[PDB]
Structure formats: structure tokens, C-alpha cells
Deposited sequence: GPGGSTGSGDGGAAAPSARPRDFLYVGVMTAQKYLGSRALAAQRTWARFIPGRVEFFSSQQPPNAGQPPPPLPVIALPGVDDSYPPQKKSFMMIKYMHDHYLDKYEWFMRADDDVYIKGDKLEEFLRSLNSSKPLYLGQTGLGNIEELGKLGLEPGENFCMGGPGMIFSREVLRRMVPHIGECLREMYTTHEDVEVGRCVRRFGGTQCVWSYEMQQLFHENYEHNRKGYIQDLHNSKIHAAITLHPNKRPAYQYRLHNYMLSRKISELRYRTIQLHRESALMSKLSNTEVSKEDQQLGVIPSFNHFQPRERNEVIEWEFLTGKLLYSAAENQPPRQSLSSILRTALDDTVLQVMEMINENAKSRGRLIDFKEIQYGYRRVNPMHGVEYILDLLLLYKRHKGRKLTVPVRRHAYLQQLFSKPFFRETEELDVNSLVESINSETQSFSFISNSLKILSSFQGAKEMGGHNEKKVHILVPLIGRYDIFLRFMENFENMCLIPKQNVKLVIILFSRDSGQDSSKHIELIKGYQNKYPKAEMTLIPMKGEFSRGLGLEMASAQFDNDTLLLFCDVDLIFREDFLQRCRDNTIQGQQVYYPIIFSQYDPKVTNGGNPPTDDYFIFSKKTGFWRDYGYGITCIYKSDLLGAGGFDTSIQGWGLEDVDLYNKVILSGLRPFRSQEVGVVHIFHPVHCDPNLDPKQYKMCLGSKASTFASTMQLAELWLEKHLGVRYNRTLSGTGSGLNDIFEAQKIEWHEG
């Protein structure tokens, strides 16, 4: 770990802003020691070195000279390479380590991006932004004349002066190769703001040092992205190792293990077994599944995934460099194997304007695992040796419909009241014409109330015209924001399975349950093509917490209302849990 020693320059106003971030971002991956340098002061959050006689004055002139002098005087023979860098730079330790290890440290090398004052043409200087790397020989030949360089100051730019010092004493100029502009990226032609925003550019991936990164939070974000890329590369390495192990066991005439065959994959015969593909144009998608609609617009998720896949293809195609350029996708195919991976057939339009196929494949790595609610193992075993779940509040808006009301409450009592299920029933009744069926509904409700005196059944005498949203909103308003509300419907029949699914699928502040109700066709829980169908377009039934409903803004009460609530829930950041619901079936009604 005596290979590379990078000394990053900072300022008194940047110790707790950029220096700390850089120490916790890339100083943990540099193969060596990273030391922070600042100005002399008459409890800093970082261990920093105060160079005497140095003031925090931009441009950091003579501060870099003092730091180079310190580098030579303290760690000349303990390291091979020395990097001078700003606090607003991101340095990849591993890539830089390989790139520097491919070089001879005993030859005078003055690395950095070419900089193009007092420059007689033919010489240059490494730009101080991306980061300038010296060698041991450059230090040994230059540092005795750093004072001489300081006394012949010409320009007001520190990197120009350092390059001039190198050239005068060190027998080297900055590297002239165009590859430096890619390796040591400047990121200033675009992204004028001063912090890395577009992280999915080939320039970002292929660079070694990225600059500038003024915003510390964006520095942490870039570090997290780079570590995610490293994790993805390691996962691909695991897939390759599994493939090699499976093949190697095959060669040795031995049975492969279970973990090596599923991940070590390099005719279906039956007609209904071949997995059909989907057509993918530039901005349209065609599918054959009954659930999916044909000629659906290309979703933003699909567009982003395709863009990332094409970027990976271009990265892994230009590896033999001429410079291949991607323009558009004329058409494509996609087949998602649930347990193996994703297969693509992309007919790209590449530029060297020639089309090129690509039979892509994106395998699945080792699956991850997590328990939603971890339990106390120690407390469980003693209990083993030695309904009270979350209450669901059922809101039922009503208008008329005596017979369906009676059938609904018969089912409700038979499935909840005798089983003593932990539920609370709220009947929202619209007293049309201020009477009529209201009296009989009240009588039935009261009789069911005193028949089961521990039950929780309440009826709210709504007035006005029919409005699902208004009645639901005022029924909810009387409950606190940590109550589980179910937007049930009168013409529905459900079992305890639906109640458990509603309890589990609704996370307060995170998830909203939006089941796809099975609607019975015009003449039970037997699911068949003739019996009924899944109502995809039906968002009426909802299992949502009161706080989540308030955060979504509630119903508009102006007009379809369920769709508006769904859109508001999506906009609020909540996760809509759309899935099939086999525990409740909507009885047909004219």
C-alpha cells in the first residue's frame, strides 16, 4: 500500500464541506495514503496539514508548491506516485492503480490532462482540475528548484506555473495524448452548473478522475453510483465463476451442484410452452399477452432500460478500438424468462450509417433475500416451549338497494361476526328523499347491532345527492390518521383472505393496496372465463391509511374519482400495489 500518495488541496471554508466528503468517498479506495492540506491557522473535522506561510487565496498558487515540497520532504522514497488534486475531484482508486502500474516510476512522468500566458508553442501544462500525477523522479528533479520557480512567477494560474516548473526542472511536459481528455475528464464543456448530474454517460464511466464536484451531496451520489457499478461488475464476475464451475464439473464427469446450474446456463416442443417475444420499435411496444394491450406506448421505464442496454452494448462494442456511434433502434424484440434473464434482439443503426443486429442477453445474478419484519429468535423459542391484528374499517357508500344490502350484511356477519373477526363496519347511507328505505335500513342495522353487542357497526345519515367521494371523505374525517380504511362496496363478498391481504399489502406512508376486482359475469369464488373477468380498469376498492389519504389530498368532490385518487397517490410518492385479488368477487348487477 505504498504505491500512490495523493495530496488533496482544500481551504478553511472547505474542510467540513469538500475535504470530509472526499475523505469518506475516494480516500478509502486510493491504494495508499491520502493527506489533506490547508492554510496555516493562528477542532477541524479532518486530520489536515497546515503548510506554514500559506493563505486561503484563490487561485491556490504556491499552496500546491508547498504541498509538493511537503510530499518530497516526507514521503519521497515511501511512494512511487504523487498526485496533486483539488477537493472538488473524484478519483477512482482501482482504475488509476492499474493505469499507473502499467508505467515505469523511475522515468520522469508528469501525468494529467493536456492544457491548451507565457507558453511559447510546443510546450504545455497539465490542467489542475482533473488531477496531475507526478512520479518519484519528477519530484526528485523538481523540488530543489521549487523556490526558484516561485521567485520567477509569471502568470496567475497555479497549474501553468507547476507545469512550467516541471518543464524547467524535470525534463517532461504534460502528456499530449487525446486519451487523457477521456481518462482525466474535465466535465466543463457540458454541465456548466459545477456538479455531476448525468451519471449514465460513457464519458463518466470511462474516466479515471472526474472534476468538478463542488456539491458534497452530489459527490456522495457519484460515489454511491461508482460503488453500485463495482457491485454490478462483481455480480457479473460471480455469474462467470458459476458458469466456469458448472462447465468444469461437467468436464470432470461429476454432477453439477444446484447453485451452479441455474446460474451456469450458457426445443420447448409443446406448443403452449414457447415464450413469445414482444416487438419494440423506437417509441412503441407490441405484445401478445392477453393482459397487455397491443401497440401500447413505450413506457418511460422501458425506454430507460433500453437506453441503458444500448449504452452497455456500445461500451462493449467499442472495446476493440473505430469509434462506433449509436443513432436509433429501428426495431427490437424482448423475451423475459422469469428465472434466467432477458433476451433482446436489437436492430441498431450504428455509425462508424450501417445497421447491425445484436442478440443480447441479460442474465439474473444470485437472488437477494430479506424478511419484511424480522423477529426475535431468542424470544420465540421460549414461547414455543411454553384475532387481534390491525383493525380494518369498512366504508360502504350506499344508495337504495335493499336486497343487495341485506345479502351483503348476511355475508358480512357470516364471515366476520360469528368468527369475531377484528373489523369495524361503517355504513354510509344516502337518505334519498329524506326517508323511504332509510328507516328499514336503520331497523336492520339496529337489529344486527344488538344481536352482536361486541360488534362495531355504525351508520352515518348522509344527505344530499349521490357522491362516493364526499361520503367517503367525511366518513374518513372522523378517524385519526393511523387507521386502516377499506373503501369497500356494497355489491361485494369477501373472506378473511382479502382482509389479511389488505392488512399486509398496506404500509402506512409507503404502500396503498389497489386490488383488481374480479367482476362476476351475468348468469361464487370459482374463477372461469364464463364466470367473470378481472376488472383492470376498476380502482374503486382501496385499502389505504387515513394519513396516506390526507397526503394524497383526498377526493376532489367535483366530478372517475377513484382514478383521480390513484393519480394523486402516485404523485404523492406512495407505492400503488396493483395485483389480482382472489378473495373478493363483485356480484353482477344491472
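Going by the record, the unmodelled stretches of the deposited sequence, in order, are 1-20, 63-68, 143-150, 301-306, 362-365, 397-406, 441-466, 604-615, 652-655, 687-753.
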